[PDB]
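A.B. asks: The structure is given below, and queries will be raised subsequently.
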Amino acid sequence: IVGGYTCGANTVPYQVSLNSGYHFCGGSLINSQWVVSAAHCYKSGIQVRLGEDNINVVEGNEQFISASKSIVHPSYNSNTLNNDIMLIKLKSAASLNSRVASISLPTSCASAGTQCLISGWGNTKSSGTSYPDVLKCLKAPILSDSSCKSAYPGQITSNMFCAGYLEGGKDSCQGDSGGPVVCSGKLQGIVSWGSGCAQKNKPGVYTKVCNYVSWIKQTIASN
Ligand SMILES: [Ca+2]
């Protein structure tokens, strides 16, 4: 996250880190056995880390649970990043309290202008590299479909939305991928892509979760 703020330990209790020897993507906990992330985060050898604040220090709230099954969306296209969403089933159910908690799925698609919270352990610089040890947070609005399509002509599908600032300076970034965009207490987006980070006229693009609720609910019910 570029231009954001230190969230505070366990203020984002649905946030997960996906770890394959090191942190490589975020995710969101949607119930005690399932995590949602980006299909472009797919890897074998995934451990899910819950209740994390500092990813380099075991502080006490953490649960580390291996994945038993991964399900990339059946129509995911790695060239266009259309349908950039994946589900990960945990080997055992997480213990849910106040510092590990699930986030609800939306029942409606959120409007342009809605303020959302984005979080992750990704790069904090628009030029160069600095990865934080603690979770960063960013408040950003959803942009209109027309401003999104003008920032990225011919690249935005009905399964994506833009959020952030056209003036640049504040954005998600590499290493935030797969992580949550939460608006009005629901998971509306998944960190997906963008051109660099926090560049003028190049806001972040997110998977539009409201389009996938049926697939998610049916998949969870059957696996
Ligand atoms: Ca930790």
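Every chain in the structure tokens takes a letter, A first, then B, and so on in the order presented; its residues are numbered from 1, and the ligands are numbered from 1 following the presented order.
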Counting only C-alpha atoms and all ligand atoms, which protein, DNA or RNA residues come within 12 Å of ligand 1, given as number ranges by chain?
C.D. replies: A: 9-10, 16-17, 19, 23, 49-64, 121, 133-135
A.B. asks: Pick out the residues sitting within 12 Å of residue 149 in chain A, and hand them over as a list in words; count only C-alpha atoms, and ignore anything fewer than 3 positions along from it in its own chain.
C.D. replies: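 So, after excluding close chain neighbours, the residues are residues 143, 144, 145, 146, 152, 153, 154, 155, 156, 157, 158, 160, 161, 162, 201, 202, 203 and 205 of chain A.
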A.B. asks: Which residue gives the smallest distance to residue 213 in chain A among A:68, A:188, A:95, A:79, with only C-alpha atoms counted?
C.D. replies: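 Selected residue with least distance to residue 213 in chain A: A:188.
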A.B. asks: At a cut-off of 12 Å, using only C-alpha atoms, what residues contact residue 1 in chain A? Leave out same-chain residues fewer than 2 positions from it and give the result as a VMD selection string.
C.D. replies: chain A and resid 3 to 7 26 117 to 126 129 to 140 164 169 to 177 179 to 180 191 196 to 198 204
A.B. asks: Where in range 93-166 of chain A does DSSP assign helix (DSSP H, G or I), given as a PyMOL selection string?
C.D. replies: chain A and resi 145-151
A.B. asks: Next, the residues of the selection above should be written as a compact mmCIF listing (two decimals), in the first residue's frame with N, CA, C and O atoms.
C.D. replies:
```
# COMPACT_ATOMS: atom_id res chain seq x y z
N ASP A 145 -17.38 3.86 -13.54
CA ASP A 145 -17.07 3.05 -14.72
C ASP A 145 -16.47 3.90 -15.86
O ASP A 145 -15.51 3.48 -16.49
N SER A 146 -16.98 5.11 -16.07
CA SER A 146 -16.43 5.94 -17.15
C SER A 146 -14.99 6.47 -16.89
O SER A 146 -14.14 6.46 -17.80
N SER A 147 -14.70 6.91 -15.67
CA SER A 147 -13.34 7.28 -15.35
C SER A 147 -12.35 6.07 -15.37
O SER A 147 -11.18 6.22 -15.70
N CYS A 148 -12.84 4.89 -14.95
CA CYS A 148 -12.06 3.64 -15.02
C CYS A 148 -11.71 3.26 -16.47
O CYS A 148 -10.52 3.00 -16.79
N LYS A 149 -12.72 3.24 -17.35
CA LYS A 149 -12.49 2.91 -18.76
C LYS A 149 -11.65 3.96 -19.49
O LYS A 149 -10.89 3.62 -20.38
N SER A 150 -11.73 5.23 -19.11
CA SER A 150 -10.80 6.23 -19.68
C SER A 150 -9.35 6.17 -19.18
O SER A 150 -8.44 6.59 -19.90
N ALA A 151 -9.12 5.71 -17.96
CA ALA A 151 -7.76 5.45 -17.48
C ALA A 151 -7.14 4.21 -18.19
O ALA A 151 -5.95 4.17 -18.43
```
A.B. asks: Tell me which of A:192, A:37, A:106, A:11 sits closest to residue 72 in chain A, counting only C-alpha atoms.
C.D. replies: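 That would be A:37, the residue with the smallest distance to residue 72 in chain A.
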